[PDB]
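# Overview (structure and organization)
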Amino acid sequence: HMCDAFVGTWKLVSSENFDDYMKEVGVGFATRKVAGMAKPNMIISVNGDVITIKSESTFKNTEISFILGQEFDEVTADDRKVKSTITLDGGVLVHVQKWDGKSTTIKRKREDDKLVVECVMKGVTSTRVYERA
Ligand SMILES: Cc1ccc(Cc2nnn[nH]2)cc1Oc1ccccc1
């Protein structure tokens, strides 16, 4: 029941400061522009201890499956090869990606009927708000 409130299909409805976040991460111009247009559907499911998060959009379709606290390899939508660990901290899913001596954290939170995604790279945060699809 660990992620009950996250499970479901969610659609992006707003984004703030995402271009700057992507710049800070190192994403190039053309990828930033096409990625920034995307309105993904995020599909979260749980089967036993395995959590799956899919992101489907015109830009890219991605899928990760993981166990909390157990590091895994991820190829991000912008093609970084990262080492990821996802944990639950006080009801927030905290996803840390490490690559090339850099780090970024993506937090997913349930707030009212929304799922809020906060992405941080050094001093730069972006907030992406999803609603149930
Ligand atoms: C690369 C990347 C970094 C951070 C985030 C933030 C995020 N995670 N979940 N919701 N938003 C998304 C990223 O990838 C995508 C960008 C656009 C469309 C599809 C995927």
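Residues numbered from 1 in each chain as written, not as in the entry; some residues may be left out. Heavy atoms only, no water.

## Re the overall build of the protein chain
Within the protein chain, the regular secondary structure consists of 2 helices and 10 strands. For the protein chain, the succession of helices and strands along the chain, N to C, is β-α-α-β-β-β-β-β-β-β-β-β. Relative to the globule expectation of 14 Å for 133 residues, the C-alpha radius of gyration of the protein chain, 14 Å, shows essentially globular dimensions. Along the longest, intermediate and shortest principal axes, the C-alpha atoms of the protein chain span 40 × 30 × 25 Å. Put simply, the protein chain has 133 residues, and 36% of those count as buried. As displayed, the protein chain offers around 7300 Å² of accessible surface, 47% of which is attributable to carbon and sulfur atoms. Charged side chains in the protein chain number 20 positive and 20 negative. The centres of these two groups are separated by 4 Å. (Helix = DSSP H or I, 4+ residues; strand = E, 2+ residues; numbered from the N terminus. Rg over C-alpha atoms; globule rule 2.2 N^0.38 Å. Buried < 20%, exposed > 50% of the residue type's maximum accessible area, 1.4 Å probe, protein only. Areas by Shrake-Rupley, 256 points an atom, 1.4 Å probe, with all protein chains shown as cover. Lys, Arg positive; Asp, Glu negative; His and termini not counted. Charge placed at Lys NZ, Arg CZ, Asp CG, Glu CD.)

## Looking at the UniProt feature "short sequence motif: Nuclear localization signal" in the protein chain
Here the UniProt feature "short sequence motif: Nuclear localization signal" sits at residues 23–33. Taken as a whole, residues 23–33 contains 73% helix and 0% strand, while its terminal C-alpha atoms sit 11 Å from one another. (UniProt positions renumbered as here; feature names shortened; annotations may be inferred.)

## Observations concerning a nonpolar patch on the surface
Nonpolar side chains collect at one region of the surface, where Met2, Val7, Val46 and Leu88 lie side by side and expose about 250 Å² of accessible area between them. What makes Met2 partly exposed here is its relative accessible area of 33%. (Patch = residues over 30% accessible without salt bridge, like charges linked within 9 Å, V, L, I, M, F, W, Y side chains within 5 Å. Salt bridge = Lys/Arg side-chain N within 4 Å of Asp/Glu carboxyl O.)

## Considerations on the side chain of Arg80
Position of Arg80 among the secondary structure elements: in the loop between β5 (72–75) and β6 (81–89). On the basis of relative accessibility, which here comes to 13%, the residue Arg80 falls in the buried class. In this structure the side chain of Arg80 is engaged in a polar contact, spanning 2.8 Å, whose partner is the side chain of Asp78. When sequence neighbours within four positions are dropped, the list of residues in contact with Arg80 reads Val25, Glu74, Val75, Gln97, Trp99 and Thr104. (Polar contact = N/O pair within 3.5 Å; in protein donor to acceptor, adjacent residues only side chain to side chain. Contact = heavy atoms within 4.5 Å.)

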